[PDB]
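Structural characterization, general
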Amino acid sequence: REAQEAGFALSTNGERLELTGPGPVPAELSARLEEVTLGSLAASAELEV
Amino acid sequence: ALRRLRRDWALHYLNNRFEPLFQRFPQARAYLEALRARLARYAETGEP
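About the thresholds
- Residues numbered from 1 in each chain as written, not as in the entry; some residues may be left out.
- Chains lettered and ligands numbered in written order.
- Part of a larger assembly, values for the part shown.
- Heavy atoms only, no water.
- Contact = heavy atoms within 4.5 Å.
- Buried area = accessible area lost by both parts, 1.4 Å probe.
- Salt bridge = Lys/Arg side-chain N within 4 Å of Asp/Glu carboxyl O.
- Polar contact = N/O pair within 3.5 Å; in protein donor to acceptor, adjacent residues only side chain to side chain.
- Nonpolar A, V, L, I, M, F, W, Y, C, P; charged D, E, K, R; others polar.
- Helix = DSSP H or I, 4+ residues; strand = E, 2+ residues; numbered from the N terminus.
- Buried < 20%, exposed > 50% of the residue type's maximum accessible area, 1.4 Å probe, protein only.

Its PDB record attributes the structure to cryo-EM, giving the resolution as 3.03 Å.

Taken residue by residue, the interface counts five residues in chain B and five residues in chain A. Around 450 Å² of area is buried between chain B and chain A when both sides are counted, 64% of it from carbon and sulfur atoms. Considering only the surface of chain B that becomes buried against chain A, B:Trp9, B:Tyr13 and B:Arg17 emerge as the three largest contributors, covering 74% of it. Run the count over chain B and chain A and you get zero salt bridges. Linking chain B with chain A are zero residue pairs in polar contact. Grouping the amino acids of the side of chain B that touches chain A by side-chain chemistry returns two nonpolar, two polar and one charged.

Moving on: the environment of B:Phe22. All names here are of chain B. Relative to the assigned elements, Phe22 resides in helix α1 (residues 2-24). Separated by 10 residues in the primary sequence, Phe22 and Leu32 have C-alpha atoms spaced 7.3 Å apart. With residues up to four places along the chain from it excluded, the contact list for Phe22 reads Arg29, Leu32, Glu33 and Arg36.

It is worth spelling out the side chain of B:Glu44 at this point. Residue and element names in this part refer to chain B. Examined against the element boundaries, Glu44 turns out to sit in helix α2 (residues 29-45). Of the residues examined, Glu44 reaches a relative accessible area of 16% and is grouped as buried. Excluding residues within four positions of it along the chain, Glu44 makes contact with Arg3, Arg4, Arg6 and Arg7.

Structure, rendered in structure tokens:
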């Protein structure tokens, strides 16, 4: 939702997350994309636990 | 610089992983930090 509202398309591949869109990604959007990816893999960590 | 990045992002992830552990186990401050560097070195030099 925040990516579409920002004019960028989110191309998920499961755990892997990337953004395709015109121009540079905003710093907030890039940081939050990194946050979502690390949160997904940390959820996978606690899943292994 | 790329190797340094592969350590900066490693610490950025490890801080988030370690904050609950530091809150739960303050007496293990020395031990938990010891992992934090070591895992970082695993990200840095690829040392097993």
